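Peer 1: I have a structure I would like to understand better, so I am pasting it below and will then ask my questions one at a time.
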Ligand SMILES: Cc1nc2cc(-c3ccccc3)nn2c(-c2cc(F)c3c(c2C)CCCO3)c1[C@H](OC(C)(C)C)C(=O)O
Ligand SMILES: Cc1nc2cc(-c3ccccc3)nn2c(-c2cc(F)c3c(c2C)CCCO3)c1[C@H](OC(C)(C)C)C(=O)O
């Protein structure tokens, strides 16, 4: 479905990366966060929901995802949460980060470079698929 | 007019800087509260924007944070064309929504993200969020 996203956290260089994947397209949004907290997760979801049509979010049962702050943000945004593709995206994003890591001072820059590379990679790219999927659902 | 052209600007609110990006053809907005009006903050914002949407051209004023070599270098890496000098009212509308929802959040960054959500979902046939994907899908063909 065009409104389904998978979310998870991944670790790199003793830092936390919050990753969102649009399941149907492979399009990703990622951010380096100071810690895996409900406040960081809620803020990320609120940004994501204002940018794309977010209908359902699939996560695991980690405390940052089951947090009442997150539940309340989803209730405000009209998002359905479901607990218990993102497994491989973690590896691919980590591969691209490793490839460009020495081109940036900060890990957050390397992460945003990796998101750009991933989403533009073409014969459609993930960035083209997501808008094609969503535009057809609007008819 | 084109699906890859964005207008960027800085606004101030409560002693903080808000960087606002408007997709000119749709009225779609992306905004973030930044700790300081610097080339580094502006470059980082553009890098995130360019990885999320097709960004071909960025129109800004001649502010030092936009004329910065860090921003010029980030645009060069991303293949973005920079151009300097109704979207003047976008800062006013965003500030209007921010003011309406301000007491519903502790942090200004939250109120800004609530305002972006409200603005992009607003129908009064199509919303800005629908128009951006429709304009970009049309040009993909
Ligand atoms: C700290 C820092 N200083 C500087 C300085 C100059 C720079 C480069 C050429 C001429 C003049 C200045 N660029 N530049 C960058 C910079 C900015 C980008 F947008 C970017 C890239 C990088 C390396 C790589 C390609 C993708 O885009 C940074 C990065 O940090 C932030 C993103 C700012 C938080 C960093 O992590 O190194
Ligand atoms: C600090 C803070 N604490 C809390 C606590 C609870 C909360 C709400 C209901 C039950 C249990 C806890 N929510 N909540 C929020 C919160 C989170 C949202 F995603 C959000 C909204 C807000 C108010 C409003 C509607 C839009 O979505 C925040 C906000 O801060 C961050 C975004 C986290 C950085 C804030 O600035 O107030």
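Peer 1: What number does the protein assembly as shown give for Rg over Rh if you use C-alpha atoms and the Kirkwood radius?
Peer 2: Numbers: Rg = 17.7 Å, Rh = 19.1 Å.
Ratio of gyration radius to Kirkwood radius for the protein assembly as shown: 0.93.
Peer 1: Hey, fewest Cβ within 10 Å first, where do B:38, B:69, B:60 land in order? Could you put the intermediate results ahead of the total?
Peer 2: Details: B:38 16, B:69 10, B:60 21.
In increasing order of surrounding Cβ atoms, one gets B:69, B:38, B:60.
Peer 1: Right, here's the next one. Work out the FRET efficiency for residue B:140 and residue A:83 from their Cβ-Cβ distance, taking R0 = 25 Å, and round it to the nearest 0.05.
Peer 2: Numbers: r = 35 Å, r/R0 = 1.38.
Taking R0 as 25 Å, the efficiency between residue B:140 and residue A:83 is 0.15.
Peer 1: A follow-up question, please. Using a 7 Å offset from the Cα along the Cα-to-Cβ direction at both residue B:105 and residue B:57, what is the distance between the two label points in nm, to one decimal?
Peer 2: It works out to 3.2 nm between the two label points.
Peer 1: Let me ask something additional. Quick check on the protein assembly as shown: helices-only [θ] at 222 nm, where DSSP H runs of length 4 and up contribute -39,500 (n - 2.57) each and the sum goes over total residues. Nearest 500, please. Can you show the working numbers first?
Peer 2: Details: 12 runs with 137 residues, N = 280.
Theoretical 222 nm ellipticity from helices: -15000 deg cm²/dmol.
Peer 1: Right, next: In peptide A:41-52, how many Cβ atoms from other protein chains are near each Cβ within 10 Å, on average? Don't skip to the end; give the middle numbers.
Peer 2: Working: counts 0, 1, 4, 1, 1, 8, 8, 2, 5, 14, 11, 4.
Taking the mean over all residues of the peptide, I get 5.
Peer 1: Over the Cα atoms of segment A:22-82, each weighted equally, I'd like the Debye log10 I(q)/I(0) at q = 0.13, 0.25 Å⁻¹, rounded to two decimals.
Peer 2: Summing over Cα pairs of segment A:22-82 leads to -0.31, -1.19.
Peer 1: If all Cα-Cα distances of chain A are sorted into 10 Å bins from 0 onward, what percent lands in each bin, rounded to whole numbers?
Peer 2: Result returned by the calculation: 12, 43, 35, 10, 0.
Every number here is computed from the coordinates shown, using simple stated rules; none is lab data. FYI the Cβ positions are ideal-geometry reconstructions off the backbone, even for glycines, and counts take in every protein chain you see.
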